[PDB]
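In: Test case, fold it:
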Amino acid sequence: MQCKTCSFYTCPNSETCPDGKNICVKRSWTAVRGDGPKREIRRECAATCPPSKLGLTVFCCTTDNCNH
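Out: Numbering: from 1, shown residues only. Below is the structure:
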């Protein structure tokens, strides 16, 4: 599989995903901690997505680098 999972909000580069998983994933939530951005759209590779319960905005993708 291949699913880019950067920390910024615009990583068009490519990033294959290891492990026996197979997908792209992202979760976004607003939260003012220090000086970061607003909606933290963290990302990662998995079967469908992280263990989010959808309370967080999950965004997965069944294809090569998708969720930038």
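In: contacts, neighbours, all on C-alpha from now
Out: OK.
In: Neighbours of residue 55, how many?
Out: Burial of residue 55 is recorded as 9 neighbouring residues (other C-alpha atoms under 10 Å).
In: Can you give me the buried ones in stretch 12-21?
Out: Within stretch 12-21, the residues scored as buried using 16 or more other C-alpha atoms under 10 Å are 15, 17.
In: likewise stretch 38-57?
Out: Residues of stretch 38-57 classed as buried: 40, 41, 42, 43, 44, 45, 46, 48, 49, 50, 57 (neighbour count, 16+ other C-alpha under 10 Å).
In: Over to stretch 28-35?
Out: Across stretch 28-35, burial judged by 16+ other C-alpha under 10 Å covers residue 28.
In: what about it, start to end distance?
Out: Terminal residues of stretch 28-35 are spaced 16 Å apart (C-alpha to C-alpha, to the nearest Å).
In: Stretch 55-66 too?
Out: Terminal-residue distance, stretch 55-66 (C-alpha to C-alpha): 21 Å.
In: so how far is residue 46 from residue 15?
Out: Taken as C-alpha to C-alpha, the span from residue 15 to residue 46 is 13 Å.
In: same deal with residue 19?
Out: 8 Å.
In: One more: residue 61?
Out: 10 Å.
In: what's the overlap in contacts for the two?
Out: Shared contacts of residue 61 and residue 46, defined by C-alpha atoms under 8 Å, 6 or more residues apart in numbering, are found at 23, 24, 25.
In: Next step: those residues restricted to helices.
Out: Counting by DSSP state H, no part of the shared contacts of residue 61 and residue 46 is found in helices.
In: Contacts only, for residue 54.
Out: No residues are in contact with residue 54 under the rule C-alpha under 8 Å, 6+ apart.
In: typed the wrong thing, it's residue 52
Out: 27, 58.
In: for it, helix, strand, or coil?
Out: coil (DSSP: H, G, I helix; E, B strand; the rest coil).
In: Can you pull the phi/psi pair for it?
Out: With angles defined as degrees, to the nearest 10, residue 52 sits at phi -60, psi 150.
In: Okay, it and residue 19: tell me how far apart.
Out: 19 Å.
In: Same check on residue 64?
Out: Taken as C-alpha to C-alpha, the span from residue 64 to residue 19 is 15 Å.
In: Alright, I will stop here.
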